[PDB]
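Have a look at the structure below, then the notes.
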Amino acid sequence: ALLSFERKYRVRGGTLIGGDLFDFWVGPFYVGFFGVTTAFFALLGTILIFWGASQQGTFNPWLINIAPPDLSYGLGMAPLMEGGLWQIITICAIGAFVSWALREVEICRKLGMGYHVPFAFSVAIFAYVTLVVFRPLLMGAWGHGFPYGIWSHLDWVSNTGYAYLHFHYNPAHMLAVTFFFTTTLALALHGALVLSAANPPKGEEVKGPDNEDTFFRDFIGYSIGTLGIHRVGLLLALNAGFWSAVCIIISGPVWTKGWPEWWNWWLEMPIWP
Amino acid sequence: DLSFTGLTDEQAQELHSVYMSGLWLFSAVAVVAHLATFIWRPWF
Amino acid sequence: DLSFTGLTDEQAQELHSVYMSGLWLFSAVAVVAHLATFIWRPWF
Amino acid sequence: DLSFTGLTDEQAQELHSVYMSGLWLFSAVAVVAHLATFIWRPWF
Amino acid sequence: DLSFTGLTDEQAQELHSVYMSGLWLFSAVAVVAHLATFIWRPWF
Amino acid sequence: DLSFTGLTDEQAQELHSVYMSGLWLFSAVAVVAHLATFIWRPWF
Amino acid sequence: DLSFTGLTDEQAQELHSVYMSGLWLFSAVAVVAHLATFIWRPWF
Amino acid sequence: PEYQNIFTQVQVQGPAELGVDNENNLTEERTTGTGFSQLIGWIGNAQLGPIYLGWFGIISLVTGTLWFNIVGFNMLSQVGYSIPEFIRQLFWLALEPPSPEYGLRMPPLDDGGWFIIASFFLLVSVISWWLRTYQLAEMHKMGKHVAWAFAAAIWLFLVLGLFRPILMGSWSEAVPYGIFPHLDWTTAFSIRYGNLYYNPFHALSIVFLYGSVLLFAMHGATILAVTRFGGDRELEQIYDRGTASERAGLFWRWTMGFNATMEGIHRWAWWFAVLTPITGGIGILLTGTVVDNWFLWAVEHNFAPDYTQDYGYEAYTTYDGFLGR
Amino acid sequence: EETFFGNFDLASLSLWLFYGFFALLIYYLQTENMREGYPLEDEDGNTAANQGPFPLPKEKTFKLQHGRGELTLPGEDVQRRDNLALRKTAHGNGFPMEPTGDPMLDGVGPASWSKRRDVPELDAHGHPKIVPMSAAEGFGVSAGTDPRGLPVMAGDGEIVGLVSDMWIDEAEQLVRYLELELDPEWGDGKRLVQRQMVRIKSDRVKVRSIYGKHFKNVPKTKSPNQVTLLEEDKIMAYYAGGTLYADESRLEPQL
Amino acid sequence: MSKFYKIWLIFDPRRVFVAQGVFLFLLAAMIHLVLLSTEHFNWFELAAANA
Amino acid sequence: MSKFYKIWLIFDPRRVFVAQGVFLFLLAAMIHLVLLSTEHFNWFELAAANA
Amino acid sequence: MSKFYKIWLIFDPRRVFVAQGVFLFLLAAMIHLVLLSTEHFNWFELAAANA
Amino acid sequence: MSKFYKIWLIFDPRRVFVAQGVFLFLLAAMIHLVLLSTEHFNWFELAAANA
Amino acid sequence: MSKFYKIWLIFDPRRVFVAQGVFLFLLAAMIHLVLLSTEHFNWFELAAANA
Ligand code: BCL
Ligand code: BCL
Ligand SMILES: CC[C@H]1c2cc3[nH]c4c(c3C)C(=O)[C@H](C(=O)OC)c4c3nc(cc4[nH]c(cc(n2)[C@@H]1C)c(C(C)=O)c4C)[C@@H](C)[C@@H]3CCC(=O)OC/C=C(\C)CCC[C@H](C)CCC[C@H](C)CCCC(C)C
Ligand SMILES: CC[C@H]1c2cc3[nH]c4c(c3C)C(=O)[C@H](C(=O)OC)c4c3nc(cc4[nH]c(cc(n2)[C@@H]1C)c(C(C)=O)c4C)[C@@H](C)[C@@H]3CCC(=O)OC/C=C(\C)CCC[C@H](C)CCC[C@H](C)CCCC(C)C
Ligand SMILES: COC(C)(C)C(=O)C/C=C(\C)CC/C=C(\C)CC/C=C(\C)CCCC/C(C)=C/CCC(C)CC/C=C(\C)CCC=C(C)C
Ligand SMILES: COC(C)(C)C(=O)C/C=C(\C)CC/C=C(\C)CC/C=C(\C)CCCC/C(C)=C/CCC(C)CC/C=C(\C)CCC=C(C)C
Ligand SMILES: COC(C)(C)C(=O)C/C=C(\C)CC/C=C(\C)CC/C=C(\C)CCCC/C(C)=C/CCC(C)CC/C=C(\C)CCC=C(C)C
Ligand SMILES: COC(C)(C)C(=O)C/C=C(\C)CC/C=C(\C)CC/C=C(\C)CCCC/C(C)=C/CCC(C)CC/C=C(\C)CCC=C(C)C
Ligand SMILES: COC(C)(C)C(=O)C/C=C(\C)CC/C=C(\C)CC/C=C(\C)CCCC/C(C)=C/CCC(C)CC/C=C(\C)CCC=C(C)C
Ligand SMILES: COC(C)(C)C(=O)C/C=C(\C)CC/C=C(\C)CC/C=C(\C)CCCC/C(C)=C/CCC(C)CC/C=C(\C)CCC=C(C)C
Ligand SMILES: COC(C)(C)C(=O)C/C=C(\C)CC/C=C(\C)CC/C=C(\C)CCCC/C(C)=C/CC[C@H](C)CC/C=C(\C)CCC=C(C)C
Ligand SMILES: COC(C)(C)C(=O)C/C=C(\C)CC/C=C(\C)CC/C=C(\C)CCCC/C(C)=C\CCC(C)CC/C=C(\C)CCC=C(C)C
Ligand SMILES: [Fe+3]
């Protein structure tokens, strides 16, 4: 089933690899080389998770937990029932995420658009890879990654935060939190302004961009425009992701003491009496 | 005759012959390698 | 006659014949492998 | 005559015959498997 | 007459008759299963 | 007359008749079930 | 005349006359409920 | 490569836009005077000003300035009026809520009176600002979506500072006014009542915050990628559909199996953002008044994980082995 | 605090109420997004037998400015194209379509346009929104590099003409289009390019999407002072179709 | 008194009915639960500690 | 009471039927669950103890 | 009861059939799982104990 | 019933076949995995113990 | 059973073949990996211990 305007866009071509060996649709979904790889990796990972759950002893979604190996194994391969399953599932997840991004690139190419969406997804992929690959590699053990469980991956965050004592004193954490809050506020304001323009009180005509510009200059004295708001939102979200990755990567391999101690450079500058 | 790729029957036969030849050569090399490895360090 | 794909009766019969020829060979190979594995290490 | 899918009465009968044959074959295989398993390890 | 879906009366009558046949067969199988279960392990 | 849904009086009367029949059947089954339960384990 | 809903005086009269019967019946059921509850377990 | 439309290639400047008007006569209260900034013109509009001056805006400005000055002068007096030491310890100072022994009574100025006065002024300022944002939309003949989304954040603000201390019966339950001192309050609040992770409404709030950031990333990238078809003019695309909207919908339909409209994406965005403070406030209001230990609650409701291995370093290594001796 | 039954306290009741509310909200949000493009069809143009899990919404009405009337949605697809030069490559569903003639000239594929109104977009005063710079009072270049007079470079590396003017958006103070004057060897008349497909350098302007021989077939405007919505859709679709149809190597797999 | 029919000239009959249906169900549920919370009027536990 | 059929001149039956079905099933499930949290009316435990 | 067939003049059969198909399987799975959570009606543990 | 063949006048066979294949495979995998979570019916562990 | 060839009048082989190819390799990898996580059937460890 197609939308009323969809048929004229479903043309052949625009693939990075494969040609027309995989150039078709299944329902609404587009299939390609990277669709095939995505299906393989995602299905294998999910089935392996459920096999590990059956061998653990519980099928409760809240209670399933698949964990990385002990620190004494270093960077080698562990027995499959003591941490190897986590490593295999990690490999599957990385493959699946990269395949998803490349499939998005192929769809963008076929539709004649820019490649902003795959680029934006790459930052989330980068944060995940920093969490599970780069930090354990620098720290020297695969056992530093977080476990795969709905409620057990919060205990990891808690214990990792309290291992540097007071984690709110991390400056990069401060920057990331600020970016998150500002992104949410901007999204609320943008949605509200567009809806208010398009949906006036009953019996009234609709409004235009001049009206929106006037509301915000009256409200706060400045208006960013209908093109600047999208740039600003994208930049804020990407900065949030990037600084989250930086804040986690500096906690283990670069700083070892508690985070309040870091501000001693400010507290003891020579310029003070 | 049914064809989605535009090839004919004769062309498909001729291509399949060479493809089978390559497959058999690959398999023979792999068999020799597996025999040597088993002699060196046997599983099973 | 009902045909969502555009094929005729004879084309479907030919395709099914070749497909089942492939299926039976796959199954025979798997049966031989399973018998050898059971002789090596039984699971019943 | 009511038809959402565009099929006809005779086409639906012809399709249903083959569908039911496949269902019965699947069920027969499942019954034999369940009987072998019950003889191996009873659950009642 | 009033009809939100587009069917007539005869089509609705036929559809409901077949639906009722299916419901009765389902219920009969469920009843047999419940009776066997009660004989095996009685509640109440 | 007043109508927000687009029906006429006769259609509403017929619909209400069928709805009341369904409601009474549901209520009768529930009453029999409640009587059996009270005999099995009385409350009050 | 003032009418913020668009209905006429007679329509409102009939609607209220129908609504009051349902209100009275709902109240009547509640009296029989509260009369049996008191006998079972008084609260005064 | 192709132009990516992040910074404008060339800028143009004309007469300043003073704004639209109607019978409500908005021009009467507007300031005269505008400026142009070429540095911010690379990313958005360059014009600065003018602004609207009403009663609500002036009241809000005065009360907020008073709150700021009260906090600042208390912090300055707490250090001996020494300016270099005031600068040295700026991030560590605060104006502190009253002691628990005073209940809801008025405390002395030394032990929370100034805190109460500052809180009253801040509350007046915020409510006046909300009134101004409502009145402007009423006078522009537009919808009231901005006011309703500001009211959703004001709900969590009020729950944190007013409603919960009244329900618990003590003004000592509020938040201190300081930078490092309010991050100390956050951590201590989490520790005092078990683990705030196991509060299901905190988890729902996190769900909605993560989702709103994800949605803004998606929407910004998508609109920037169809700008070559004039996609940034969203209102005209709502009134008269074009190929930008069709391509934007078909991308996500072919990606994940369903899509939105040009007008319907903003409804999704509006709800995901507003649902964050609402669930957060519901979660905060239930803590201490209903539930006192969230981990024990999770144990009772059977969603706390269980661990089999042992605790302590001597089950994994040796003190000499760690030191390398 | 006490429990009504078992472990049921106020928190559990609040949680279940939120679950119900969220289900209703999800239904509402999904339904509000089905006002364009429904009902669904198959690849032959007929109504599909499957229509989904969610029923269609009720109708809403807009009131447009400058006396354009009303818009009620959902309704009939008034932006639909009539004769498409496309062909099917399979007897069933789920396979691509193949262009019949020239996809760039026929407006199919990534070269597709939608049938918008044949009138210009207006500002709050009721005037055309996009105007050539030669007829805008008090406007001028304030930063960046002025592109007027610089030569234009094609995607294959050919010089086709010079930039003669810019068309700006007066209400939002932004440049929308670049106007070119074609050399006699590469066509006649003037053409427009959207600002989002060009790169302005110190000595030239570069357009990479289409080649030198494609510049004479760019759709033209009817008037030298304004452009309608249809014309804009047709012009921008033409420029975007070249990212796939300008060269045979842009369509075949890259590997 | 007998002029109470005029209420339907101000309020729309549909939404008032919906609101009364919801409010009445919630009221009945709350009253049944508040009675269950006590000890003299709990019928499950009274039936348990009777036989 | 003879004029109760006019409710279908106000409410659309298509929405009413769906709402009623959801409400009836949820109510029945909730009552059955409440019965299973007691000790005098839990038929599974009653069967276990009886044997 | 003889006019119950008119429900198909109100509800679309395709959506109803899909919804019922999902509902019946979910209900059956829930009931089997509820049985497995008891001590008296768990047939795997019974099979283990009887052997 | 001899009129059951009319289900194909309402549902498209192409979509029903795909849904049935997915459902059947997932159900089989679920059952096979439920068996392996017990001690009495885990055939790998029984094989290990019998040696 | 003799009319099973008519499935190719419903489904195009081009989609079916890729679906089957993905499914079979997924199954093989899953089964080999499941065997490799036991003690009795892990052939790599059996070879090491036997020496
Ligand atoms: C004691 C606990 C410490 C603490 C410990 C930590 C630690 C430790 C960490 C942070 C991290 C974060 N902290 Mg902190 N933090 C604390 C208190 C707070 C508070 C607060 C008090 O209000 C806030 C607002 C935050 C918030 C934050 C963010 C700045 C950051 C979250 C990462 C992120 O969003 O990356 C988002 C990116 C991702 C990882 C998402 C990846 C997505 C992938 C690519 C896609 C998956 C697809 C999926 C499988 C598909 C499924 C759907 C299909 C249908 C199947 N912290 C306390 C004080 N904080 C985390 C961080 O920054 O790590 C990077 C972190 O590790
Ligand atoms: C050790 C720390 C505890 C913890 C303690 C808390 C506490 C305590 C709280 C949060 C709360 C929140 N937590 Mg938590 N939280 C922890 C760890 C985390 C982690 C993580 C580890 O990844 C994350 C991502 C979060 C995330 C969150 C947010 C989802 C949520 C805040 C809601 C919001 O919208 O804020 C946005 C903030 C606001 C809208 C506040 C109101 C702002 C008003 C409108 C400002 C008015 C204007 C001003 C006065 C004038 C300025 C003047 C100008 C110059 C003009 N928490 C750990 C477990 N969390 C809050 C919540 O809701 O909990 C349920 C909360 O109270
Ligand atoms: C993040 C959103 C917050 C916000 C921010 C904000 N306020 C702003 C701006 C912004 C982004 C301006 O651009 C505008 C301004 O001119 O800032 C310098 C302004 C402003 N709106 C204000 C009021 C105001 N808005 C408020 C609200 C808010 N606006 C939000 C809380 C509040 C509060 C917190 O209650 C107040 C008090 C002042 C802060 C300032 C006053 C501007 C004005 O009166 O008219 C417009 C400007 C002119 C008179 C002409 C230029 C002179 C400028 C005041 C200085 C800069 C000129 C310089 C040549 C350019 C340098 C670049 C600038 C960006 C700094
Ligand atoms: C949906 C929830 C999200 C949200 C929404 C939200 N916030 C909002 C709104 C909305 C919809 C507004 O409409 C409103 C607004 O004005 O936005 C521009 C606002 C707002 N959200 C704000 C803050 C804020 N929101 C936050 C969070 C959030 N806001 C959530 C993520 C947070 C945090 C902690 O995350 C903060 C800190 C303000 C910027 C603004 C409310 C402004 C207000 O109420 O001001 C009252 C006035 C005063 C107290 C006067 C202060 C006096 C100053 C000392 C000087 C004068 C002001 C001057 C301009 C500043 C100094 C400038 C220097 C250059 C001198
Ligand atoms: C142990 O457990 C784990 C999971 C770890 C595993 O390891 C599991 C592993 C598996 C389950 C593995 C499964 C592996 C397979 C199914 C492998 C299959 C491999 C093949 C079918 C290989 C085929 C190779 C064929 C080749 C090489 C053919 C031809 C090569 C040529 C060079 C021929 C050239 C042809 C020409 C020139 C034709 C030109 C003709 C004209 C007319 C132009
Ligand atoms: C034990 O518990 C766990 C969960 C761990 C399990 O392991 C559970 C496992 C299962 C539940 C497993 C279930 C497995 C199945 C249902 C498997 C089914 C397998 C098949 C149906 C396999 C079919 C294979 C068919 C093949 C190979 C057919 C043909 C192959 C060909 C190469 C034929 C090629 C045909 C041509 C060229 C036709 C061309 C003809 C023309 C005329 C053009
Ligand atoms: C104990 O406490 C707890 C909570 C744990 C519980 O377990 C509580 C449980 C409940 C309260 C459960 C309640 C359960 C129900 C109310 C269940 C109701 C079930 C039904 C009404 C089922 C009906 C099924 C009907 C069927 C299958 C009928 C027919 C199907 C077909 C006929 C298929 C064929 C259709 C065709 C051919 C269409 C014909 C088309 C034409 C054009 C003629
Ligand atoms: C804990 O204990 C405490 C005391 C704290 C409490 O719990 C406090 C409780 C209270 C304070 C409770 C208060 C309760 C009330 C005030 C209750 C009031 C109830 C009513 C007014 C009920 C009215 C019901 C009316 C009904 C049922 C009428 C009609 C129903 C119909 C279905 C029929 C209507 C049909 C129509 C109109 C057809 C339309 C006709 C046309 C011609 C179009
Ligand atoms: C949605 O909006 C609109 C406008 C449509 C409405 O408002 C709609 C409203 C409705 C559709 C409302 C519907 C309401 C009902 C269906 C209500 C039904 C109420 C009952 C059936 C109540 C029954 C109550 C019974 C009680 C309380 C019984 C108590 C019994 C005892 C305490 C036992 C005491 C023992 C005795 C009497 C011994 C008996 C001995 C004998 C010899 C007989
Ligand atoms: C003890 O305390 C606690 C809180 C624990 C409780 O448990 C409290 C419980 C309550 C407060 C419970 C309250 C319960 C109610 C008020 C229940 C009310 C129930 C009903 C009103 C039920 C109505 C059922 C009606 C039915 C089943 C009707 C069926 C109709 C049909 C099948 C016919 C359909 C109609 C057609 C086809 C129209 C014909 C079509 C044409 C086109 C002519
Ligand atoms: C124990 O508790 C738990 C929860 C753990 C459980 O395990 C609970 C489990 C359940 C509740 C399970 C319930 C399971 C079911 C209800 C299963 C039902 C299964 C079926 C009805 C399966 C039917 C399969 C039918 C098939 C495969 C039939 C035929 C297929 C074909 C014939 C293919 C060929 C088709 C052709 C050629 C048609 C073309 C014809 C033309 C004329 C063109
Ligand atoms: C002296 O030097 C000068 C003059 C330059 C200064 O003025 C310098 C000033 C400073 C350096 C100031 C610095 C100020 C800060 C760092 C302030 C930080 C403030 C916060 C982080 C504040 C958080 C506040 C509130 C929070 C977290 C939540 C909720 C609060 C409220 C709802 C408050 C509302 C209170 C009410 C309603 C109680 C009122 C009581 C009544 C009885 C009406
Ligand atoms: Fe937008």
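Simple scheme: letters A, B, ... for chains in structure tokens order, numbers from 1 for residues in each chain, numbers from 1 for ligands in the order shown.
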
Ligand 1: which residues are within 7 Å, counting only C-alpha atoms and all ligand atoms? Reply as a short mmCIF file (atom, residue, chain, number, x, y, z; two decimals) with N, CA and C atoms, in the first residue's frame.
data_model
loop_
_atom_site.label_atom_id
_atom_site.label_comp_id
_atom_site.auth_asym_id
_atom_site.auth_seq_id
_atom_site.Cartn_x
_atom_site.Cartn_y
_atom_site.Cartn_z
N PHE A 97 24.02 -0.94 13.98
CA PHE A 97 23.93 0.51 13.95
C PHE A 97 24.58 1.10 12.70
N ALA A 124 25.27 9.92 17.97
CA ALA A 124 24.76 8.95 18.94
C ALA A 124 25.53 7.64 18.86
N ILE A 125 25.85 7.19 17.64
CA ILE A 125 26.68 6.00 17.49
C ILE A 125 28.03 6.20 18.16
N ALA A 127 28.75 8.17 20.71
CA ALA A 127 28.60 8.10 22.16
C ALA A 127 28.51 6.65 22.64
N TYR A 128 27.74 5.82 21.93
CA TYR A 128 27.64 4.41 22.32
C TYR A 128 29.00 3.72 22.24
N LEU A 131 31.17 4.60 25.04
CA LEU A 131 30.78 3.91 26.27
C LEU A 131 31.29 2.47 26.30
N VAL A 157 25.51 3.03 36.24
CA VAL A 157 25.63 4.48 36.20
C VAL A 157 25.79 5.03 37.61
N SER A 158 25.00 4.51 38.56
CA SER A 158 25.10 4.96 39.94
C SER A 158 26.50 4.71 40.51
N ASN A 159 26.99 3.47 40.39
CA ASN A 159 28.28 3.14 40.97
C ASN A 159 29.43 3.86 40.27
N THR A 160 29.32 4.09 38.96
CA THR A 160 30.37 4.81 38.25
C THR A 160 30.36 6.29 38.63
N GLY A 161 29.18 6.86 38.87
CA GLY A 161 29.13 8.24 39.34
C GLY A 161 29.71 8.41 40.73
N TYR A 162 29.41 7.47 41.63
CA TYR A 162 29.92 7.60 42.99
C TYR A 162 31.36 7.15 43.15
N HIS A 166 31.67 13.03 44.03
CA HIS A 166 30.59 13.94 43.77
C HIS A 166 30.72 14.27 42.31
N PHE A 167 30.00 13.57 41.46
CA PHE A 167 30.05 13.71 40.01
C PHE A 167 29.46 14.99 39.42
N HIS A 168 28.65 15.72 40.17
CA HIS A 168 28.11 16.99 39.74
C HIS A 168 29.17 18.02 39.59
N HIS A 173 30.37 17.42 32.60
CA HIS A 173 29.00 17.03 32.95
C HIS A 173 28.11 18.26 33.05
N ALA A 176 27.27 19.40 29.48
CA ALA A 176 26.32 18.50 28.84
C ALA A 176 24.91 18.68 29.40
N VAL A 177 24.78 18.82 30.72
CA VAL A 177 23.46 19.01 31.33
C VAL A 177 22.84 20.32 30.85
N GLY A 241 25.25 15.65 22.76
CA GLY A 241 25.84 14.33 22.59
C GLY A 241 27.36 14.32 22.71
N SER A 244 28.55 14.88 26.31
CA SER A 244 28.33 13.67 27.10
C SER A 244 29.46 12.68 26.89
N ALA A 245 29.83 12.44 25.63
CA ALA A 245 30.93 11.52 25.35
C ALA A 245 32.23 11.99 25.99
N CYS A 247 32.64 13.94 28.64
CA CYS A 247 32.58 13.86 30.09
C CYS A 247 32.80 12.44 30.58
N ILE A 248 32.24 11.45 29.87
CA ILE A 248 32.49 10.08 30.32
C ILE A 248 33.92 9.66 30.02
N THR H 186 20.51 18.44 45.41
CA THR H 186 20.05 17.37 44.52
C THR H 186 20.58 16.01 44.97
N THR H 187 21.89 15.92 45.20
CA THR H 187 22.47 14.64 45.61
C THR H 187 21.95 14.18 46.97
N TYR H 210 15.03 12.45 27.12
CA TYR H 210 15.79 11.82 26.05
C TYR H 210 15.04 11.89 24.73
#

Closest atom pairs, residues of chain N within 10 Å of ligand 6, only C-alpha atoms and all ligand atoms, as a tab-separated table:
residue	atom	partner	partner_atom_place_in_ligand_line	distance
N:13	CA	ligand 6	38 (C)	8.5
N:17	CA	ligand 6	34 (C)	8.6
N:20	CA	ligand 6	23 (C)	7.5
N:21	CA	ligand 6	27 (C)	8.5
N:23	CA	ligand 6	19 (C)	8.5
N:24	CA	ligand 6	19 (C)	7.0
N:27	CA	ligand 6	12 (C)	7.1
N:28	CA	ligand 6	7 (O)	8.8
N:30	CA	ligand 6	5 (C)	7.4
N:31	CA	ligand 6	7 (O)	5.7
N:32	CA	ligand 6	7 (O)	9.4
N:33	CA	ligand 6	5 (C)	9.6
N:34	CA	ligand 6	5 (C)	6.8
N:35	CA	ligand 6	5 (C)	8.9

Select all residues from chain L having any atom no more than 12 Å from an atom of chain M (counting only C-alpha atoms, ignoring ligands), output as an MDAnalysis selection string. chainID L and resid 12:18 21:22 25 29 33 36 42:51

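Note that the spacing between CA of residue 85 (chain I) and CA of residue 4 (chain A) amounts to 16.9 Å.
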
Where in region 47-137 of chain H does DSSP assign strand (DSSP E or B), given as number ranges by chain? H: 47-48, 52, 95

Could you dump the residues just selected with N, CA, C and O atoms as a tab-separated table (two decimals), in the first residue's frame?
chain	number	residue	atom	x	y	z
H	47	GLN	N	18.70	41.70	13.04
H	47	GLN	CA	18.06	42.84	13.69
H	47	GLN	C	17.88	42.60	15.18
H	47	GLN	O	17.51	41.51	15.61
H	48	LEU	N	18.13	43.65	15.97
H	48	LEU	CA	17.96	43.62	17.42
H	48	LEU	C	16.91	44.65	17.82
H	48	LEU	O	17.03	45.83	17.46
H	52	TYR	N	8.44	45.22	23.72
H	52	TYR	CA	7.15	45.67	24.24
H	52	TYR	C	7.26	45.92	25.74
H	52	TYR	O	7.76	45.07	26.48
H	95	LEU	N	22.31	31.56	49.85
H	95	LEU	CA	21.32	31.97	50.84
H	95	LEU	C	20.48	30.75	51.19
H	95	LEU	O	19.82	30.18	50.31

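Each residue with an atom within 6 Å of any atom of ligand 4 appears in the list, which was built counting only C-alpha atoms and all ligand atoms: residues 181, 184, 185, 188 and 189 of chain A; 60, 61, 64, 65, 68, 125, 126, 129, 146, 149, 150, 153, 273, 274 and 277 of chain H.
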